[PDB]
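Shown below, as structure tokens, is a lone chain in the form deposited in one PDB entry; questions about how it binds or moves come after it.
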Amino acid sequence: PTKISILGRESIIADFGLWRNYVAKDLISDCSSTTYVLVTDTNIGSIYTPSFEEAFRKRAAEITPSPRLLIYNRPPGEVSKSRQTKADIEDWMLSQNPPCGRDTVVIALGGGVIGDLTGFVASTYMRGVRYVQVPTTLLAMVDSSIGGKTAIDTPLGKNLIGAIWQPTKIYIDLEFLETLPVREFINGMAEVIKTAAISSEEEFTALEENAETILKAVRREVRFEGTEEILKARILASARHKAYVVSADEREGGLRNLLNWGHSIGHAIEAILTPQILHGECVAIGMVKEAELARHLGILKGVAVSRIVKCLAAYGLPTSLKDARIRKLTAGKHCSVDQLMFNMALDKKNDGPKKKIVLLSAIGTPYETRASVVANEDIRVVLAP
């Protein structure tokens, strides 16, 4: 049972089995309310909901009158982070009998999609209600579920409408990783590596050295036996550094830019290759190009760059828009430089039309304590595959 603090509070609980025997109980005592709304997708729900309903009803029995638990199953996939889905969950909540009010405690059970969506619904529901995060994916456990950033996508782009709404509790249950598909697991490692690359060379070395052991466990269909503590240590280091940065610059006045390393170009790449290609994968290619950019600017050494590539490759992450696997999945989708530039214009870190990108000067230490303005011409160079 490990606890991390963020923005002055110990909202993060990390352990194995939290879902089966801790969440329900904790919600009733620390998140007192008459109404609990659980949001997930048809896949995750069918596998983890039954267990929870009984754990909830068993903890609610003591309370009199017993609070209610309402479950909403959204379609799986990126398609659900939409205005439509936000509105559907909202109407559903309001039309309940009785309607869900401001005491409502929302529960986000799923990955970044469910998390981003659910968190956003909570921030604006009657101008804001409490919510908790229950990340079921590695990426969610090491990144998305922490920090309060929420959002949905629009036809014009990804994460353009949203809000920073901090969850009251963050339940990181490593047991969810037991059933997480190999690809998804690899996807999340992209964020783990990113987090280390901007904080400490020691942690990054740990990821390089742990690669094989981690991967073998992920590739063995049996699950993290003699590597548990190693897995928890890598996850926690990631979660701890984010909590640190978010605590110092919650609404991104500067420092929080760093968490976006590899995302300036990554998001551009993603807006094109999605949904066939995943977020972490895009961010992987993104870290390589942004690392190559820091090189083209005499900020980052050529050695660190190659090392960045070696680590991403070691965990099975693409490091080029030319990756054989990426092409087969996208049916050939081409990422034209002009398209990648147009998409980057919508990057949220931009100061006016000045494109800002996180630049590393060395593994473990950023160039500045924020993104850096970069001429559009210097960006064009690393965008050509």
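A residue's number is simply how far along the shown sequence it sits, counting from 1.
Participant: Answer yes if residue 350 is missing coordinates in at least a third of the other compared entries, and no if every one of them models it.
Facilitator: Yes: coordinates for residue 350 absent from at least a third of the compared entries.
Participant: Considering only other entries where residues before and after it are modelled, is residue 251 without coordinates in at least a third?
Facilitator: Affirmative; at least a third of those entries omit residue 251.
Participant: Per the record, how many residues of the deposited chain fall between residue 156 and residue 157 without being modelled: none, 1 to 3, 4 to 9, or 10 or more?
Facilitator: In the record, the chain runs straight from residue 156 to residue 157 with none unmodelled.
Participant: Check the entry's C-alpha temperature factors for 204-212 and 122-130, then say which stretch has the higher mean.
Facilitator: Comparing 204-212 with 122-130, the higher mean C-alpha B-factor belongs to 204-212.
Participant: Determine, for stretches 86-94 and 290-298, which one has the higher mean CA B-factor as deposited.
Facilitator: So the stretch with the higher mean C-alpha B-factor is 290-298.
Participant: Which listed residue, 29, 350, 319, 34, has the largest C-alpha temperature factor in the record?
Facilitator: Across 29, 350, 319, 34, the entry lists the biggest C-alpha B-factor for 29.
Participant: Which has the highest CA B-factor per the PDB entry: 249, 184, 281, 178?
Facilitator: It is 178.
Participant: Classify residue 221 as lowest, middle or highest third according to the C-alpha B-factor given in the PDB entry, relative to its own chain.
Facilitator: Residue 221: CA B-factor falls in the highest third of its chain.
Participant: Could you tell me which third, lowest, middle or highest, the C-alpha B-factor of residue 76 occupies within its chain?
Facilitator: Its C-alpha B-factor, which the entry lists for residue 76, ranks in the highest third among residues of this chain.
Participant: Ranking every modelled residue in this chain by its Cα temperature factor as given in the entry, which third contains residue 229?
Facilitator: Ranked within chain, residue 229 CA B lands in the highest tercile.
Participant: Relative to the other modelled residues of the same chain, rank the CA B-factor of residue 13 and answer lowest, middle or highest third.
Facilitator: Its C-alpha B-factor, which the entry lists for residue 13, ranks in the highest third among residues of this chain.
Participant: Ranking every modelled residue in this chain by its Cα temperature factor as given in the entry, which third contains residue 306?
Facilitator: Top third by C-alpha B-factor.
The next section is about a form of this same protein that is not shown, the form deposited in another entry.
Participant: Splitting the motion between the shown form and the other one into two rigid parts, would you put residue 384 and residue 231 together?
Facilitator: Yes, the superpositions place residue 384 and residue 231 in one part.
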